[PDB]
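upload-v7.cif (mmCIF, C-alpha atoms)
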```cif
data_work
#
loop_
_atom_site.label_atom_id
_atom_site.label_comp_id
_atom_site.auth_asym_id
_atom_site.auth_seq_id
_atom_site.Cartn_x
_atom_site.Cartn_y
_atom_site.Cartn_z
CA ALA A 2 76.30 65.03 150.76
CA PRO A 3 75.90 65.35 146.98
CA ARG A 4 75.11 68.87 145.75
CA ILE A 5 72.40 68.58 143.12
CA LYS A 6 71.35 71.13 140.53
CA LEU A 7 67.56 71.40 140.22
CA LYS A 8 65.83 73.16 137.36
CA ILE A 9 62.25 74.30 137.81
CA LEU A 10 59.78 73.66 134.99
CA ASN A 11 57.13 76.14 133.92
CA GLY A 12 53.46 75.32 134.43
CA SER A 13 51.08 73.86 136.97
CA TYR A 14 50.93 70.08 137.20
CA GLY A 15 48.38 67.60 138.46
CA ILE A 16 48.29 63.88 139.26
CA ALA A 17 45.30 62.21 137.64
CA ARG A 18 43.91 58.82 138.56
CA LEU A 19 42.22 56.68 135.91
CA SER A 20 40.94 53.09 135.78
CA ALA A 21 43.62 50.40 135.85
CA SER A 22 42.40 49.00 132.52
CA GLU A 23 41.53 52.24 130.74
CA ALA A 24 43.39 53.11 127.54
CA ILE A 25 45.87 55.97 127.73
CA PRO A 26 43.75 59.10 127.14
CA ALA A 27 44.44 61.40 124.20
CA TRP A 28 45.04 64.29 126.60
CA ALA A 29 47.85 62.56 128.49
CA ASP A 30 50.79 62.99 126.15
CA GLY A 31 51.54 66.56 125.12
CA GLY A 32 54.00 69.29 125.94
CA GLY A 33 55.84 69.56 129.23
CA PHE A 34 56.55 66.78 131.72
CA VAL A 35 54.44 63.65 131.26
CA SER A 36 54.46 60.49 133.37
CA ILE A 37 51.97 57.72 132.58
CA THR A 38 52.21 54.79 135.00
CA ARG A 39 50.03 51.69 134.93
CA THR A 40 49.99 49.27 137.85
CA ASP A 41 47.78 46.37 138.90
CA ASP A 42 45.47 48.87 140.61
CA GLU A 43 45.67 52.19 138.76
CA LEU A 44 46.55 54.24 135.69
CA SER A 45 48.28 57.33 137.06
CA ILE A 46 49.01 60.36 134.88
CA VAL A 47 51.13 63.39 135.71
CA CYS A 48 50.87 66.24 133.20
CA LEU A 49 49.99 69.90 132.86
CA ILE A 50 46.73 70.55 134.71
CA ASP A 51 45.39 72.37 131.65
CA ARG A 52 45.03 69.02 129.87
CA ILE A 53 43.30 67.16 132.71
CA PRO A 54 39.50 66.94 132.12
CA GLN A 55 36.85 67.74 134.75
CA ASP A 56 35.49 64.16 134.72
CA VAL A 57 38.80 62.73 136.02
CA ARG A 58 39.94 62.36 139.63
CA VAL A 59 42.97 64.52 140.23
CA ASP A 60 45.37 65.77 142.89
CA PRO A 61 46.14 69.23 141.46
CA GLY A 62 48.48 72.09 142.25
CA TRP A 63 51.99 70.73 141.72
CA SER A 64 55.30 72.18 140.53
CA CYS A 65 58.01 70.13 138.81
CA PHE A 66 61.82 70.16 139.02
CA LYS A 67 64.32 68.31 136.86
CA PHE A 68 67.51 66.89 138.41
CA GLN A 69 70.19 68.40 136.12
CA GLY A 70 73.33 67.63 134.17
CA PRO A 71 75.53 64.49 133.97
CA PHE A 72 75.53 62.29 137.05
CA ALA A 73 79.08 61.13 137.70
CA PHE A 74 78.67 59.92 141.28
CA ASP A 75 80.29 57.31 143.50
CA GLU A 76 77.57 55.27 145.20
CA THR A 77 75.86 58.35 146.68
CA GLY A 78 72.14 58.87 147.16
CA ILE A 79 71.25 61.60 144.65
CA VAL A 80 67.51 61.28 145.25
CA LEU A 81 68.03 60.82 148.99
CA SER A 82 70.11 64.01 149.22
CA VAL A 83 67.23 65.97 147.74
CA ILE A 84 64.17 64.45 149.40
CA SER A 85 65.67 64.11 152.89
CA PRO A 86 65.53 67.84 153.69
CA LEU A 87 62.00 68.04 152.30
CA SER A 88 60.44 64.93 153.86
CA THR A 89 61.99 65.57 157.27
CA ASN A 90 60.45 69.05 157.19
CA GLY A 91 56.82 68.33 156.30
CA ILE A 92 57.06 68.68 152.53
CA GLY A 93 55.33 65.98 150.51
CA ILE A 94 57.34 64.65 147.58
CA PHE A 95 56.50 62.94 144.30
CA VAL A 96 59.47 61.39 142.50
CA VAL A 97 59.69 60.11 138.96
CA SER A 98 62.99 58.46 138.07
CA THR A 99 63.78 58.08 134.38
CA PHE A 100 66.55 56.49 132.34
CA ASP A 101 68.49 59.80 132.36
CA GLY A 102 67.84 60.77 135.95
CA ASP A 103 64.94 62.06 138.03
CA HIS A 104 62.20 64.64 138.28
CA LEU A 105 60.62 65.83 141.53
CA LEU A 106 57.24 67.40 142.09
CA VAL A 107 56.08 69.20 145.22
CA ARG A 108 52.84 71.05 145.84
CA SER A 109 53.05 74.55 144.41
CA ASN A 110 52.17 76.07 147.77
CA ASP A 111 55.36 74.44 149.10
CA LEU A 112 57.58 76.00 146.42
CA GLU A 113 59.08 78.76 148.58
CA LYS A 114 59.79 76.47 151.53
CA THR A 115 61.19 73.82 149.20
CA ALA A 116 63.64 76.28 147.68
CA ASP A 117 64.82 77.49 151.11
CA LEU A 118 65.30 73.95 152.38
CA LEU A 119 67.14 72.72 149.31
CA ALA A 120 69.49 75.71 149.23
CA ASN A 121 70.33 75.28 152.92
CA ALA A 122 71.07 71.62 152.13
CA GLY A 123 73.67 72.76 149.60
CA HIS A 124 71.76 72.20 146.37
CA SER A 125 71.72 74.65 143.46
CA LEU A 126 68.42 75.83 142.03
CA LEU A 127 67.74 77.25 138.58
CA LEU A 128 64.42 79.04 139.08
CA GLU A 129 64.02 80.64 135.65
CA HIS A 130 61.01 79.84 133.49
CA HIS A 131 58.61 81.56 131.02
CA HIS A 132 55.48 81.72 133.19
CA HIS A 133 53.75 84.91 132.03
CA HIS A 134 51.03 84.25 129.44
CA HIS A 135 50.78 85.72 125.93
#
```

How would this structure read if it were set down as structure tokens?
Amino acid sequence: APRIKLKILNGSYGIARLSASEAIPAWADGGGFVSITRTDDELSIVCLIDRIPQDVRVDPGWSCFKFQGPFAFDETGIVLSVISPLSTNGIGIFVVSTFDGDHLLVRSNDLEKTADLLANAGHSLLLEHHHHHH
């Protein structure tokens, strides 16, 4: 199984749901991880909870991880290797693939269990981030 390096991101994330035809809100793009996806039925926005307004439907309380470094692989399931230990053990997953690689979000209350499960599965976790306020 591939051993993946996962880097935690600072901040609390949320998944907002907007109207399928609504314009991208001004609060969507900003600092941190941002994923704006429009489909034939919804306009979904993942971003720091701080920017999500109170008049928008949202699934809050998420933590984000970035799949790290170069990906020289040989037909191996990088995403599979990471989500298998989580999904098989009751941990909900939210995956956002990108040109460079992938990001994974799990509910913040599942952070400790997620870290234990991923380490046991052989993955490396960089859990450093500047959380404390100013």

Please write the residues picked by the PyMOL selection byres ((chain A and resi 18-21) around 8) on this file as a list in words.
residues 16, 17, 22, 23, 39, 40, 41, 42, 43, 44, 45, 46, 57, 58 and 59 of chain A

Name the residues that the PyMOL selection byres ((chain A and resi 106) around 7) picks from the file above, as number ranges by chain, using the file's chain letters and numbers.
A: 63-66, 94-96, 104-105, 107-108

Result set, the PyMOL selection byres ((chain A and resi 72-88) around 8) on current file, as a ChimeraX atom specification
/A:2-5,70-71,89-94,102-103,115,118-119,122,124

Selected residue of minimal separation from residue A:34 among A:15, A:62, A:123, A:54, counting all atoms listed in the file:
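With all atoms listed in the file as the atom set, the closest residue is A:15.
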
Residues at most 8 Å from stretch 26-32 of chain A, counting all atoms listed in the file, excluding those fewer than 5 positions away in the same chain, as a short mmCIF file (atom, residue, chain, number, x, y, z; two decimals) with C-alpha atoms, keeping the file's coordinate frame?
```cif
data_model
loop_
_atom_site.label_atom_id
_atom_site.label_comp_id
_atom_site.auth_asym_id
_atom_site.auth_seq_id
_atom_site.Cartn_x
_atom_site.Cartn_y
_atom_site.Cartn_z
CA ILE A 37 51.97 57.72 132.58
CA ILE A 46 49.01 60.36 134.88
CA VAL A 47 51.13 63.39 135.71
CA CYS A 48 50.87 66.24 133.20
CA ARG A 52 45.03 69.02 129.87
CA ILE A 53 43.30 67.16 132.71
#
```

Could you work out how far atom CA of residue A:97 lies from atom CA of residue A:60, giving the answer in Å with one decimal?
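That distance, rounded to one decimal, is 15.9 Å.
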
Could you check which of A:128, A:101, A:51, A:36 is closest to residue A:116, using all atoms listed in the file?
A:128

How far is it from atom CA of residue A:69 to atom CA of residue A:14, in Å with one decimal?
19.4 Å

Proximity to residue A:11 - best of A:99, A:110, A:50, A:33, only C-alpha atoms:
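For residue A:11, the nearest of the given residues is A:33.
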
Atomic separation - atom CA of residue A:126 relative to atom CA of residue A:6, Å
5.7 Å

As AutoDock Vina command-line options, please: the centre and edge lengths in Å, to one decimal, of an axis-aligned box enclosing every listed atom of stretch 86-92 of chain A with 3 Å added on each side.
```
--center_x 61.2 --center_y 67.0 --center_z 154.8 --size_x 14.7 --size_y 10.1 --size_z 11.0
```

Where atoms are absent from stretch 92-107 of chain A, fill them in so it carries N, CA and C atoms, then output it as a PDB file, in the coordinates of the input.
```pdb
ATOM      1  N   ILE A  92      57.372  68.425 153.928  1.00  0.00           N
ATOM      2  CA  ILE A  92      57.060  68.680 152.530  1.00  0.00           C
ATOM      3  C   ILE A  92      56.835  67.363 151.787  1.00  0.00           C
ATOM      4  N   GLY A  93      55.634  67.189 151.249  1.00  0.00           N
ATOM      5  CA  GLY A  93      55.330  65.980 150.510  1.00  0.00           C
ATOM      6  C   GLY A  93      56.102  65.968 149.211  1.00  0.00           C
ATOM      7  N   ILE A  94      56.579  64.792 148.818  1.00  0.00           N
ATOM      8  CA  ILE A  94      57.340  64.650 147.580  1.00  0.00           C
ATOM      9  C   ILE A  94      56.757  63.612 146.634  1.00  0.00           C
ATOM     10  N   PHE A  95      56.984  63.829 145.344  1.00  0.00           N
ATOM     11  CA  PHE A  95      56.500  62.940 144.300  1.00  0.00           C
ATOM     12  C   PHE A  95      57.702  62.804 143.367  1.00  0.00           C
ATOM     13  N   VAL A  96      58.280  61.611 143.310  1.00  0.00           N
ATOM     14  CA  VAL A  96      59.470  61.390 142.500  1.00  0.00           C
ATOM     15  C   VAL A  96      59.251  60.501 141.301  1.00  0.00           C
ATOM     16  N   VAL A  97      59.788  60.916 140.164  1.00  0.00           N
ATOM     17  CA  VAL A  97      59.690  60.110 138.960  1.00  0.00           C
ATOM     18  C   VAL A  97      61.091  59.937 138.385  1.00  0.00           C
ATOM     19  N   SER A  98      61.671  58.764 138.609  1.00  0.00           N
ATOM     20  CA  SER A  98      62.990  58.460 138.070  1.00  0.00           C
ATOM     21  C   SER A  98      62.790  58.112 136.600  1.00  0.00           C
ATOM     22  N   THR A  99      63.810  58.384 135.801  1.00  0.00           N
ATOM     23  CA  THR A  99      63.780  58.080 134.380  1.00  0.00           C
ATOM     24  C   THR A  99      65.144  57.515 134.021  1.00  0.00           C
ATOM     25  N   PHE A 100      65.271  57.032 132.795  1.00  0.00           N
ATOM     26  CA  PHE A 100      66.550  56.490 132.340  1.00  0.00           C
ATOM     27  C   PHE A 100      67.673  57.507 132.607  1.00  0.00           C
ATOM     28  N   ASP A 101      67.480  58.753 132.175  1.00  0.00           N
ATOM     29  CA  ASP A 101      68.490  59.800 132.360  1.00  0.00           C
ATOM     30  C   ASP A 101      68.725  60.249 133.795  1.00  0.00           C
ATOM     31  N   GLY A 102      67.665  60.315 134.588  1.00  0.00           N
ATOM     32  CA  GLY A 102      67.840  60.770 135.950  1.00  0.00           C
ATOM     33  C   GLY A 102      66.556  60.774 136.758  1.00  0.00           C
ATOM     34  N   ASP A 103      66.146  61.950 137.222  1.00  0.00           N
ATOM     35  CA  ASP A 103      64.940  62.060 138.030  1.00  0.00           C
ATOM     36  C   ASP A 103      64.278  63.415 137.923  1.00  0.00           C
ATOM     37  N   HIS A 104      62.983  63.422 138.212  1.00  0.00           N
ATOM     38  CA  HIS A 104      62.200  64.640 138.280  1.00  0.00           C
ATOM     39  C   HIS A 104      61.514  64.582 139.638  1.00  0.00           C
ATOM     40  N   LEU A 105      61.260  65.745 140.220  1.00  0.00           N
ATOM     41  CA  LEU A 105      60.620  65.830 141.530  1.00  0.00           C
ATOM     42  C   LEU A 105      59.483  66.827 141.472  1.00  0.00           C
ATOM     43  N   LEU A 106      58.339  66.461 142.031  1.00  0.00           N
ATOM     44  CA  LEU A 106      57.240  67.400 142.090  1.00  0.00           C
ATOM     45  C   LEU A 106      56.873  67.609 143.559  1.00  0.00           C
ATOM     46  N   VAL A 107      56.512  68.841 143.884  1.00  0.00           N
ATOM     47  CA  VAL A 107      56.080  69.200 145.220  1.00  0.00           C
ATOM     48  C   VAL A 107      54.863  70.069 144.991  1.00  0.00           C
TER      49      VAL A 107
END
```
